[PDB]
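Quick note on labels: first sequence line is chain A, next is B, and so on, each numbered from 1.
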Amino acid sequence: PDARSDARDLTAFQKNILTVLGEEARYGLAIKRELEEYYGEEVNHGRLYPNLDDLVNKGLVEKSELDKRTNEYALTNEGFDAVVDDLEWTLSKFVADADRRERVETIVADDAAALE
Amino acid sequence: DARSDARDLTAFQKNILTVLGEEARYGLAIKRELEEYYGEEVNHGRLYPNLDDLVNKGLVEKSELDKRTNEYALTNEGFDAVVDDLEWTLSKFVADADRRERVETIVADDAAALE
DNA sequence: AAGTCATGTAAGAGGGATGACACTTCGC
DNA sequence: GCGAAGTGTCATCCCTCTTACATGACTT
Ligand SMILES: [Mn+2]
Ligand SMILES: [Mn+2]
C-alpha cells in the first residue's frame, strides 16, 4: 500500500492528528490535549474519537488497549509514510531558493537542540 | 500572529498556500498543480471562492496579469502562516536522530533539484 | 460508591463542495 | 466572428462538527 493514495484527501484536523502521533503514540485524551494547544481552543472529544476511527480504517492509525477504558493510538507504517509523504511535498514547494533551504536547516537545528 | 491564521485553514487552503510558496501563479495554474497533487480534477468553482477567501484573510494578494487573468501570490502574513505550520510539523517529526537525518536528506535531495 | 476518567455515539446544525451557468477577454 | 482562456457566481448536495447524552473502567 502507498500512503499518498489514502492520505492526500484528509481534513486538516485529520492531518494534524497524524502529525501529533508522528511525535509518539498517545492515548485519546493525550492527542486531544496537544491538539487543543495548537488551536488555542477546546477540541470536542465528539469530534476527535470519530476522526481517529476513520484514520484507523484507512490504515493510517492503529488502535490498541492500555486498560479497557483507555486506548493508545499509534501510526501504522502506512500512516508514517502519510506523514513523510506530505512533509516531502511541503519541503518540495518551500525549498524554492537557497535561502528557503537553510531557513529549514535552522528550523531543524533548533528542534535538534530541543531534545535534551 | 501567524499561528492564528495558520490554524484556521482548510487543507485545500493550506495546499493553495504551499503552491504559492513555490511561486506566484495565476488562477488556473494553481488549479493544475493541485490536480497534480490530489490526482483529481479540481473544480474551478472551488478554487476561486477559497482563493478570494484567503485574500479576505490577508494571506494572498490578488493582482492582475491581464484583463482576463489574475496573478495570485503570498503576502508576508501569508508566507509566515506557511512557515509556522512547517515549523509545527517539523517540531513533531524531528523526535530523534534518525528523524533529523531523514529530514535533512529530503532537503538535500530537494536542494539538488534546483538546477 | 463515589467521583472521576476514557471513550462511544447521534441529531441537528453548520460550512464548504459540487456541477452548472454566466460574463469578459484573449488568440487565430 | 469563433473558439478558447480565465474567471465570477450560486442552488444544492454533501459531509463534518457541534452538542449534548451515554456507558464501562480505574482510583480511592
Ligand atoms: Mn470533551
Ligand atoms: Mn474546471
Exercise for review: Using a cut-off of strictly less than 4.0 Å, decide whether A:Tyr49 has a side-chain nitrogen or oxygen near OP1 or OP2 of C:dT7.
Suggested key: yes
Could you tell me the separation between the [atom1] atom of [X] and the [atom2] atom of [N], rounded to a whole number of Å?
X       : N      : atom1 : atom2 : value
B:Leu51 : C:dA17 : CG    : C1'   : 15 Å
A:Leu29 : C:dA6  : CG    : P     : 5 Å
B:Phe12 : D:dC15 : CZ    : P     : 17 Å
B:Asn43 : C:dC21 : CG    : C1'   : 14 Å
A:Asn71 : D:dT23 : CG    : P     : 19 Å
B:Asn15 : C:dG16 : CG    : P     : 16 Å
A:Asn51 : D:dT16 : CG    : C1'   : 8 Å
A:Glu42 : D:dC17 : CD    : P     : 15 Å

Check your understanding: Relative to the 5' end of DNA chain D, which residue comes earlier, A:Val43 or A:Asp67, by the nucleotide with the nearest heavy atom?
Key -> A:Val43
Review point. So which one's nearest nucleotide on DNA chain D is more toward 5', B:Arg68 or B:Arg46?
Key: B:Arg68
Review point. Do B:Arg46's NZ or CZ and the ring of B:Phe12 fall within the cation-pi criteria of under 6.0 Å and 45°?
Key: yes
Check your understanding: A:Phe94 ring centre to A:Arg100 NZ or CZ under 6.0 Å, with the angle to the axis within 45°?
Key -> yes
Check your understanding: Under the 3.5 Å rule, do the base of C:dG19 and the side chain of B:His44 count as making a donor-acceptor pair?
Key -> no
Review point. Among the nucleotides D:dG6, D:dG8, C:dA6, which one has an atom lying closest to any side-chain atom of B:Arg32?
Key: D:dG6
Exercise for review: Test salt bridge (charged side-chain N to carboxylate O under 4.0 Å, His left out) on B:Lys62 and B:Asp52 and set out the steps.
Suggested key: CA-CA 8 Å; B:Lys62 192 214 225 189; B:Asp52 276 355; 3.6 Å; yes
Review point. Within a strict 4.5 Å, meaning less than it, do heavy atoms of the B:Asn15 and A:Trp89 side chains meet?
Key: yes
Check your understanding: Using a cut-off of 4.0 Å on non-hydrogen atoms, how would the nucleic acid contact of B:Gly45 be classed: base, sugar-phosphate, or nothing?
Key -> base
Exercise for review: Select base, sugar-phosphate, or nothing to describe what B:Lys62 touches, counting heavy atoms under 4.0 Å on all strands.
Suggested key: sugar-phosphate
Review point. Read from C1'-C2'-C3'-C4', is the pucker at D:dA22 north or south?
Key: north
Review point. Looking at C1'-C2'-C3'-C4', which way does the sugar of C:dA17 lean, north or south?
Key: south
Practice item. Between A:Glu72 and B:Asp53, name the one whose nearest nucleotide on DNA chain C is closer to the 5' end. Key: A:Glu72
**Study point:** Chi angles and distances behind the salt bridge (charged side-chain N to carboxylate O under 4.0 Å, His left out) call for B:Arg68, B:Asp66
**Key:** CA-CA 5 Å; B:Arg68 85 183 172 175; B:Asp66 293 338; over 6 Å; no
